[PDB]
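The chain that follows stands alone, in the form deposited without ligand HEM, written as structure tokens.
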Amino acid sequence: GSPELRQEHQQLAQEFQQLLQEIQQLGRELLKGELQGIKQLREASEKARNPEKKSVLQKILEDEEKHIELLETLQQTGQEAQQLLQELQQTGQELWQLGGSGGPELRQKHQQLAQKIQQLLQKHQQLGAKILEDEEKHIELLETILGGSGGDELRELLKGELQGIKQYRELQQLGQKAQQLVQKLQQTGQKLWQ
């Protein structure tokens, strides 16, 4: 348990804390965008005359209703990761300051917390990945019905879906980074608290 290994590990914990905060902020921005989208989608649907267009907007609406539930779950998984990370950093602060009473139980608790965050980040990544595949399909479907009666509202929809997909792709990239960081947090923690 070198001092350099302690510094690397605890720094990784702080990098991971900051990354999870940036992921959680992005998640809140995506939910705001989903809620705005579904307003503009429910309107344009009721404003659609062509059944070829009403059909497409209705399929998208059903997916957006599911996306709100999936995003609630995604954000909650992120919040749970943030709570366990607070508890992990606490456990490590105790391990560094204690001796004797404050040994195996706490060392195990540290590695248990790291493993649970690793599981939560996999759930969080999978939820985001499923929503993204849907948004790709929505851009393709909106592109097919572009131009006509409601072309103004359809334009404003496609534009929100294009800004939204960039944010979902960013969330998945940041999640890839977070998974790599928590793998390294776990492995350095094992080396320290073995």
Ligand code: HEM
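Rigid core here is just the name for the largest C-alpha set that superposes within 1.5 Å across the two forms. Quick note: we count residues from 1 along the sequence shown, nothing fancier.
Form solved in complex with ligand HEM: not shown, discussed below.
Clashes are found between ligand HEM, overlaid from its position in the entry with it bound, and the backbone or C-beta atoms here, as 3 or more atoms lie within 2.4 Å; the site counts as blocked. Residue contact with ligand HEM in the entry with it bound: residue 23 places no heavy atom within 4.5 Å of it. Within this chain, residue 89 lines the site of ligand HEM in the entry with it bound, having a heavy atom no more than 4.5 Å away.
With a 4.5 Å cutoff on heavy atoms, residue 101 does not count as touching ligand HEM in the entry with it bound; it lies far away. Among heavy atoms of residue 111, some come within 4.5 Å of ligand HEM in the entry with it bound. Taken together, the three residues 75, 167 and 171 all stay farther than 4.5 Å from ligand HEM in the entry with it bound, as judged by their closest heavy atom. Residues of 1-37 that come within 4.5 Å of ligand HEM in the entry with it bound, judged by any heavy atom, are 6, 9, 10, 13, 16 in sequence order. The only C-alpha among 132, 35, 70, 146 that moves by 2 Å or more between the shown form and the other one, given a superposition on the rigid core, is that of 146. Look at residue 58 and residue 149: in the entry with it bound their Cα atoms move 3 Å or more farther apart than in this form.
Here's the thing about residue 12 and residue 99: their CA atoms end up at least 3 Å closer in the entry with it bound than they are in this form.
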